[PDB]
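First comes the structure, then the notes that go with it.
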Amino acid sequence: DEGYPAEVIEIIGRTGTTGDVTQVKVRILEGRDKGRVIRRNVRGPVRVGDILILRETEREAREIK
Amino acid sequence: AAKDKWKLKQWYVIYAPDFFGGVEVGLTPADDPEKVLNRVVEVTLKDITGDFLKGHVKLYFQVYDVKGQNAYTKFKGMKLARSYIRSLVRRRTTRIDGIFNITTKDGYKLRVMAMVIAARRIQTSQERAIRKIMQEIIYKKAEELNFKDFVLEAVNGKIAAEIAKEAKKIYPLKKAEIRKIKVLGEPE
Amino acid sequence: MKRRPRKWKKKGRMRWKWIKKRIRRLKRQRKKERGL
Amino acid sequence: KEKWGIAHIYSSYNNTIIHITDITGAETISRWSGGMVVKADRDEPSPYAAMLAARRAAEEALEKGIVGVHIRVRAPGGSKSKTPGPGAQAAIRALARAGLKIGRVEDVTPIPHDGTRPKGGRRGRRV
RNA sequence: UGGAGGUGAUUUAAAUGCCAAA
RNA sequence: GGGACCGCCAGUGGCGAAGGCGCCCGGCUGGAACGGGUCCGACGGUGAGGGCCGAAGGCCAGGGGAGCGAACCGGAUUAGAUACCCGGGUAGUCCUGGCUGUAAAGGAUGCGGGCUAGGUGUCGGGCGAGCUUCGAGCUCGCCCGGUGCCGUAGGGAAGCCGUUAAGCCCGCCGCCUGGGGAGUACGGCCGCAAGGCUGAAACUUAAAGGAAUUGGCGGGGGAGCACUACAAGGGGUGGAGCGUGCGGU
Ligand SMILES: [Mg+2]
Ligand SMILES: [Mg+2]
Ligand SMILES: [Mg+2]
Ligand SMILES: [Mg+2]
Ligand SMILES: [Mg+2]
Ligand SMILES: [Mg+2]
Ligand SMILES: [Mg+2]
Ligand SMILES: [Mg+2]
Ligand SMILES: [Mg+2]
Ligand SMILES: [Mg+2]
Ligand SMILES: [Mg+2]
Ligand SMILES: [Mg+2]
């Protein structure tokens, strides 16, 4: 109901129709799957060390080249 | 009303056939015990006897009689896993298949499929020779042994070892297996 | 009919197959009127 | 002891069906398809719909005493496509996440040894 | 380095060329 | 219960005059290669007229009909959509006995013989040497016959071909003579029919045709770039009255 915080640890690359989306690797900080590393798609400027609030932690973005 | 109907079901225990040890293999639900007849359950040979090598051999047991809360089964057929045999067939090798209809000593009708993999591409006459050797060995074994002994030897790999030893004289072999068994009829 | 592989080239003409079909249609009509 | 069942997964390019039965396969425990969890026909084969259907089926199976399942996944096969759709893997992962144990996994797509003739004519779909 | 084959696929719709150059 | 079809192994691999031929066991049968101090003794090449074989489709009688699917019936797309896409569906596709004799039936290359550098794969037979789990096994070299690639002299407009010639030479048959009219008209033969083989003239026209070069273009591929491009944003114009320029009247 409040989401789970995750920390960005690596930047993969830009994607999307107009280069508006970045793909990152994050580590869950809290919850059932705390500690796991998964990849996600982010909209907006982002750098290593930022914290995202994921509403659920079972969807993983498809890998890009 | 749906959950009402589910409460009318009872659980029955399934046992392996007698000559495989007769151990428990699973549980199945049903409300009327007559509905459990002729159900088929598949188990791997690793579950019967513990060994991680024979994890790709699958056996089918069919229920024939129910007494109390127990179900007893018969042997029906045996197969190798698809992913296993799909990894044996390679380019620059030869695959020899042979399918035979046999009758055991005590009047059981069986159909048996055996497979052999050669180290390289070989000529067709050598394939015919190997297939003939397979046929001779299988016919002799069927004439000699009984149903249960034949099945046990087929699944343990004795027949395949004998076939490989006899067929080395035509061409060196990479593998030799009894690929599949299906029962067709039983004595009256 | 006789073969003219030059006719099959598509530059500046329609497809030979359908010209052949049209000619064969035309020859049926002449033959029917001849028998009367 | 241990009540184990079987999860039959049918995956195509248009839908996904998840069907949990008992060990012998003659009794149905639960059954859910992609069209029962989403509203848009375009979303039926999506991985997300597969996750939702798998979770519903797993809950229904768990409340009835099933502990683990062996998995059989198939594409349409036959004279149709031989490749499973995008919803198979998501469905497999979702069953484990819901609390079931996982046994052995295999695919049972029917394969012809030169069977019948497919649709489309000798030129196929021309789009 | 350079070539020859085979199996798969290949996300809506989108026709035309006037005045002129004379 | 039923009808059609034989996956992977499978290989510029094999066999056949060509069309064509792929599950396993048994019977009958055609051709070729290799080995040969065997037999006959020029018995050979090509071949006008003539004969036989010949994918798919079609037709005439009798069966069968799973899947697919001309015609046709519906749903969509569209300006229209007699189509492409979707749901159905008759003939046909399959078996037995005949007829038809057509394909980009293409190696777009008629067949027999002698000769003219090499290099390197692979299939069948034979010979020699070395290994060996003694296997109808493995590796290397040479000879003959098939089947691919690179290439010398030579050839060619070039693309390219090059002992599997499109090279130099000895034979025989078939065919062609600028583009259209036209594979049409008339006549004849064959066929149940659909159709097959043979085949002009009047007139019209300055090119039609081939191989390669430089550009431009593609609802072809790859790399790069731009606030007179987009994405994320800030402010507007298009509605009213007026200032000024333009078309028209
Ligand atoms: Mg010509
Ligand atoms: Mg639906
Ligand atoms: Mg249709
Ligand atoms: Mg279109
Ligand atoms: Mg002759
Ligand atoms: Mg052909
Ligand atoms: Mg050669
Ligand atoms: Mg050359
Ligand atoms: Mg005439
Ligand atoms: Mg602009
Ligand atoms: Mg913008
Ligand atoms: Mg304004």
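Side chains are part of it too, since the values below use all heavy atoms of this structure and drop only hydrogens, waters and symmetry mates. Below, chains carry the letters A, B, ... as their sequence lines are ordered, and counting in each starts from 1.
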With side chain to side chain donor-acceptor pair (under 3.5 Å) as the test, would you mind laying out the steps for D:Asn14 and D:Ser12 before giving the verdict? CA-CA 5 Å; D:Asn14 285 331; D:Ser12 78; 5.3 Å; no
Does a side-chain heavy-atom distance below 4.5 Å link B:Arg111 with B:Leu184? yes
So which residues of residues 105-127 of chain D are in contact with chain B at a heavy-atom cut-off of under 4.5 Å? D:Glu106, D:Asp107, D:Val108, D:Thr109, D:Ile111
Toward chain B, the part of D:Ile6 with a non-hydrogen atom under 4.5 Å: neither
Using a cut-off of under 4.5 Å on heavy-atom pairs, state which of D:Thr24, D:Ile29, D:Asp22 scores highest against chain B. D:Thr24
Where on B:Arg82 is there a heavy atom nearer than 4.5 Å to chain D: the side chain, the backbone, both, or neither? side chain
Does B:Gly107 offer a backbone N or O that forms a donor-acceptor pair with the side chain of B:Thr103 under 3.5 Å? no
So, B:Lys175 side chain and B:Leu173 main chain: donor-acceptor pair closer than 3.5 Å or not? no
Evaluate whether atom CG of B:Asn70 has more than 12 neighbouring non-hydrogen atoms of other residues, nucleotides or ligands under 6.0 angstrom away. yes
Answer with side chain, backbone, both or neither: which region of B:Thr28 has an atom nearer than 4.5 Å to a non-hydrogen atom of chain D? both
Residue B:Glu42 versus chain D: region with a heavy atom under 4.5 Å: both
Quick one: are B:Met78 and B:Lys58 in side-chain contact, heavy atoms under 4.5 Å? no
Heavy-atom proximity to chain D below 4.5 Å, by part of B:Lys35: neither
Go through the side-chain N and O atoms of B:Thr44 and B:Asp47 and say whether any donor and acceptor fall under 3.5 Å apart. yes
Taking the inter-plane angle between the rings of B:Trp6 and B:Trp11 on a 0 to 90° scale, is it parallel (under 30°), tilted (30 to 60°) or perpendicular (over 60°)? perpendicular
Hey, can you tell me if B:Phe61 and B:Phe20 have their rings parallel, tilted or perpendicular (30° and 60° cut-offs)? tilted
